[PDB]
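Presented below is the structure to which this report refers.
Residue numbers (the numbering used here), protein chains in the order written: chain F, 236 to 573; chain Z, 236 to 573; chain B, 236 to 573; chain R, 236 to 573; chain P, 236 to 573; chain E, 236 to 573.
What follows is the structure, encoded as structure tokens:
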């Protein structure tokens, strides 16, 4: 998959495309409808399926540091796009271009001159051009006799509107199960494992993995979750009895760091039935279900007691998740008991 | 108007004065009664009308960093004093003098030796001398046969006590309309315009002006307000179609800056029907009425939609404010519609 | 009293001991039962009474910066231990030793090889060994025919379980009277006096003493308390009319410092009927009873008025405290009136 | 003078213009040669004289936070342009436009489509287009039969190249006299006066005005300088015996905060023979000549002794500056004697 | 390769081993002599080749935050050990164990009880036990009829001692060529690529990759270097015309943030003749030779001019590195011409 | 000794006094000449010997945060005054009083009305009144037939002027021996011992005591010094084989935190031939002579080697200090041999 930053980076010899346009944060089930529609048409006419997306978030251009939290990183947005059949992603920066353009010139410059599009696919909530003047209906009329337009209804399922907003709401509530249902996959984050408390191994109270994330990253509410930890493909040696590319059952503790930065987030993972230290590796953490709210501990005895209960409930939640094989990992480790 | 810092700075040849004493923060309608009384008497006897005020705030001397928020800056207190006819302001620093003085010596040193006062005007809540021992009644008896004393009742109107405390309460609640009613004018702040999001001009979502204020400055609660923006007199060039010394209709967004300083306040002004960038100018922002609480935005479409509604409600509120010509600006710009 | 950091520091020629083991934070009335039991047995057999305690807090080893607040400093834990008849304290660091040891090896290495113990005393909630596997019952069976074991019930009195947890709860609520009841003494902190507002002396609104404490120190909730201030023994000169080693009646204001560190705690003490400045001295502050919640002040008049009411209520609370001579200070200063 | 941010802000109404292009930082005597030629030609014909300038600095777009120090602020660059008869300034942001553009498209888009230029004036060092490809020669040949081009050699005078670089070098060395010679005026900074050491008045060692500047502001090397302080036009009252719009002789101390939130240069002004406090006013500080390097003081007698020597040297230096009228203030206060 | 944190993590199953002990920072050519001897002997017999190493650095246990800079990370030390045929690494924390131990108990506990060693290989400078008491000679005599001991002299080559100290000196001076000679490979760092100046692509002065390193990481002196950049194995899409696992010729700028939260060195890589943006990828940067010291730029034409000179020098230097095959990349991209 | 903050704290009861005036920072041998003369005269008559001193430093009132480093704290200045027989110290704050006062009003207000002085003793360099107008000669003539005045020349000894400046120079250079010669005692600092590297005990490279000082404290140049450490009188238990009120031979390492919240010098003390941990105690550290400059260590064997050399040099230096009794400790611990 090609990745182009700005209209100038797009190849001049691009001959034909089917294009979908949006922020696409989270690549949720509604987004997948737009992408599938685009990929299907591109196949039919022998063109490239192209995603036009935005970075920074369009809201951040107007309200710096008050944009919505990133459901995924830009890098994972690219990976997800590719996984659903996108051939090229054009990343637009509204501080550089296409902000003060009329709807008419937006279609002329982006869809025609740049992308040579014969088809465009957008959601019913699509807007474009200076001061948001263009709507999905504007697009239909401007494109008359120039390219075909598919405006897809926003996705409603089980009485819920599936949008980036609703996914962020679910994550903020700690309802990862609903977030996952809307995403069509387990919500996950990926990052390097750093040093934390002790070293991972025989001690149940030392995390197997410690990770930290910036304040722009959407994470579930502080608390403990059932999930799966995967060491991403690597030839680097691994301390302990975990193999790369296997999803290991884990109790995952999400927290925040007080006094200096009221939003520096940590993810501490306690891998079930394993003795390992993952310092230095890139690790994916998929969230499955909420186990409990955060609590303060008065003794090691109490801490370890609650730890063991988290493991018990995690084991039950994950055993059930496997049966929803569709979101479950292909290769996984989960013992029937300790 | 003369401004003296400390008793030592007062001219030795001062021959006669009528004096009022207090913090005078906000120069509200109650304060204006005291000042008017003082100016009237000074006129009658051919003396100077003098305000004795305090900086730092007397409370801050005892409780550093826990003094009440400044309704106005000291500089604006001076400007307001002058506007109501005060001929001289004596600024007293309680860390330097008059803190450990008996009520008797306070009158002897300040009113007589320093100010050569023939008349003094204070509120019913006036206190002075070491450990607040002197009251308004103490002042009356100490001044017997030495100078005349006018003790003015605290102002009650529409079931509300007008005090600096009540004004701060109204501002904290976002009730700028009540604050204004108590002040006898539009509550305002003034400051240099700095760079913010984008550049002011054609884009509706970029503020016309961005300003920042320190944590000691009383501002209305976070939210959006209807108000008037005035570029203070200047010969410096102005970017766009705003002229200096005209009050322009504006939607004003007051906010705070998270993580590092839970009280760094911003004021972002969106001037109605104008395309301008006010970087580098000193701008006055007068608040008229509350429009809405702060909210987070999920898209540019939503942001601009709410922006347009703020403009609509601001236009209605300001059209009404003009009819209260008494607080309304003398020279103003407000279009009937977009 | 000997203080040993780590098993290696214990003398090899130690011949016999009676040992009690625990965090002992606060040395509350339940802790005193264990210590008294240990000291009594050591006397009976002519052995040393030894306390095995832990620093850092065992919880902090697993959850750095999320351990419970220190009811006392380690230094005061030592002083309290000594006051109840302990002959030696062994301080164990779980990052160095005894964390990954089996219950069996824990008894062999610590109690036998290191301490040559003939008797051990623990609470019913005692746990030890890797992953908290050892309990009080484990200890009884492991020690069969090797040393005698006394497991003491946790202390319940007036429907309250006396534990470090319950004491911290009372302090957090500002219920110093209940905290004191559980501790068997006045809760106190000690530290050097630094510069604050003004200088202590004739001015009622300037504290006699200003102290600051780190975020790991348990202090009562923000507010005003009745208490006793003692200048610890010193030959350094004292500014004003306070003598060392006398408990002076005081109104004590506990506060926190906003914006940078949402937990930097201050203790400002206003000593009744005294004019003094305690800069540079080490001062003990004992808390007796809650007087009022924190409030913001709008004027010096109001501040001093509330100050005087605090003094009045403090005088009444302390006059009553003296009658509970058992917790009251041996040498004290408290005037019948101002 | 009009100020336009970006090409889209420029009136489509624009019929004809004489244009000059450059960073123009400092608007030094070399820059004035370019501006003079443009204004003359514009006056010759019926054309607007337009300056195209750049913000942020083009170097900072490549190397963020490694751009040269600003000899003046952008606001002062506008002020200076207007003073030399420029009718409009177009401010280009290279992160928005004219960056990836080739030399050929640059001339078409900027000079023809946007500015409708009949004449261009650029320096011999002028560069444009992608990867700095376009040059002075490339401009004469691109504009063939479209715009008359005037390329002006870089100014050499007294064996010294007058450039922004050269001016920054002089300032960095503390050689303000040479900087002024190159600039064609006294180097100056402007800004609000804040609270500092004590209050301005009768005491000599307390500044008349205290100002602080961010670290992007070019200032002379730390030290003491002879200069002029002017209170900018205002109707606000002035504490002391100074009036607005008069240049007062001052000894100016430039310093740096050893380590206070990084950044932050200080300018402290001691106005000769005046007793005033300029808190809250905007003041202009013009630098005439270096007096001495920074030094540390061990006593008050020593500090004041050197202070007195600073005033004596300043009187002499400022007398010569008035004698060398060309650069001196048109309306000034300078006593020959103390 | 196995990685064990502490002696208790080592399998009790371990029957036989050839062991080498040291900090092994950098795993330079002297270290490789020790490792080679251990691996050969292990291969000779039926034994595991084990490295005992130390984290944190033994100096930091005595002098926190005053330890030498890490030539490599601990993760890379593991990677290097594995590449030289080490079968297990035992990581010792001297704050946990083997610190107070005498030389005699060290050999019994570490080499016999834990590792069951038949052979030991140590440097002539090797020290162990309490207060650095044990030495190379003490090891040969302690292991009598237990373990065969091979003491290897410190490596001297070309009149230079090859040590971690010597390597750090070379790096600090910017002499990466000498560092590489001592290391037996190109010195490198690895890390995720982040957002930096603009986006990587057609523009030459914007880096292909931006990386930041903490202040514990040894890096070459600030300046420009010729090197190779490799995208580490990944299935993630790449923006631009670069492929993973190929070493691309690059000009590498090493810098320091003047004062940004302390710490933080930057490595900015400009890949020759490629237009790419490596945001989100893990990349390895190998340093071959010094090109120039840091310099400040006053114009874009000047910056790009020097940039072009940097590329020319880099081409020449990297051509020679490929000619000196031994150290060059096995699969690389380098154009002879621009 | 009495301590009075400000003239208003001085008893109105005061009938007669011999007074000396000065900053008295360090209370060096020149200061002792002034104090001795005052105490003798007070003893001669029936008068109190009074020191008038200044806090904050008079330089800091003019130049905040640019005052000289404190040779001692104000608390230690009180301690030293008392030790030389001063009966009262009056502390003057020049931001409160005696600043704007003329020389004539200074003598009337301070020496007559407040202190009722029959005798004054000042240095030849003495200055007072507004703008440093009053001098030594002006004092003899102002006090005519009121107070007998004794002006004492500044102390020159061994060709060196003994002044606070001279003492600070010696300290800054690391020449503590010369500083001690000028002071008439060992230069010292006092403060609480905190947690540092490991715990004090059997290990040689871990300090017996760790202390930190703010940046206003004069300390010797970074490096290693021979000195004496004394635990100040206490009934608190001591960990290890040290007793209070005995001066123990120590090697003292003075350092600076490279960049940790700014400020913060460290003093780490290694007590010879003792195994102790002084956490929580107040300790006095006396400096006798410089041993070596700071150096970085690359190994533990190297660190301990230099540590051992430091102890050897310290033994020799402290043996000579005991031989030069005059300055040595009256009760000390120093072994001739390790």
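Heads up, the beta-carbon is just placed ideally off N, CA and C, and yes, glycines get one too.
When DSSP states are grouped into helix, strand and coil, residue 464 of chain P belongs to the strand group. Assigned with DSSP and collapsed to three states, residue 352 of chain B falls in strand. For residue 514 of chain Z, there is no enclosing beta strand (DSSP E), as DSSP marks it with neither H nor E. Rounded to whole angstroms, the gap between the alpha carbons of residue 403 of chain E and residue 312 of chain Z is 46 Å. Not one beta carbon of chain E lies nearer than 8 Å to the beta carbon of residue 544 of chain R. By the neighbour-count criterion, in which a residue is buried when 16 or more other Cβ atoms sit within 10 angstroms of its Cβ, residue 340 of chain R is exposed. Along the stretch 321 to 332 of chain Z, going in chain order, the ones with a CB nearer than 7 Å to a CB of chain E are 330, 331. The criterion of a C-beta distance shorter than 8 Å is satisfied by residue 293 of chain F and residue 329 of chain F.
In its chain, beyond the 5 residues on either side, 249, 251, 252, 253, 277, 322, 323 have a beta carbon closer than 8 Å to the beta carbon of residue 283 of chain B. Look at residue 472 of chain F: its C-beta is under 8 Å from a C-beta on chain P. Comparing alpha-carbon positions, the option among Z/406, Z/415, Z/443, Z/395 lying closest to residue 513 of chain Z turns out to be Z/443. Rounded to the nearest angstrom, the gap between the Cα atoms of residue 355 of chain E and residue 261 of chain E is 21 Å. Boundaries for residue 265 of chain E: no beta strand (DSSP E) harbours it, while the alpha helix (DSSP H) harbouring it runs 264 to 279, taken from the DSSP string.
When P/331, P/414, P/309 are compared, the shortest CA-CA separation from residue 264 of chain P is found for P/414.
Taken through DSSP and simplified to helix, strand or coil, residue 494 of chain E comes out as coil. Residue pairing by DSSP places residue 499 of chain Z opposite Z/492 in a beta bridge. Beyond the five residues adjoining it in sequence on each side, residue 365 of chain E comes within less than 7 Å, by CB distance, of 335, 336, 337 in the same chain, given in chain order. Here residue 560 of chain P is exposed: its Cβ has fewer than 16 other Cβ atoms, across all protein chains shown, within 10 Å. Contact check between the stretch 533 to 553 of chain E and the stretch 465 to 476 of chain E: fewer than three CB pairs, one atom from each, fall below 8 Å, which does not count as touching. A residue is called buried when at least 16 other Cβ atoms come within 10 angstroms of its Cβ; residue 529 of chain P does not meet this threshold and is exposed. Boundaries around residue 446 of chain F are those of the beta strand (DSSP E), 444 to 448, since no alpha helix (DSSP H) includes it. Where residue 549 of chain B is concerned, the enclosing alpha helix (DSSP H) starts and stops at 535 to 558.
Here residue 483 of chain B is actually not in contact with residue 422 of chain B; their C-beta atoms are around 17 Å apart, not less than 8 Å. If you draw a straight line from the Cα of residue 239 of chain Z to the Cα of residue 367 of chain E, it comes to about 23 Å. For the set P/405, P/295, P/533, the Cα lying nearest the Cα of residue 538 of chain E is the one of P/295. Contact between the stretch 473 to 490 of chain P and the stretch 507 to 527 of chain P is present: 3 or more CB-CB pairs across the two stretches fall below 8 Å.
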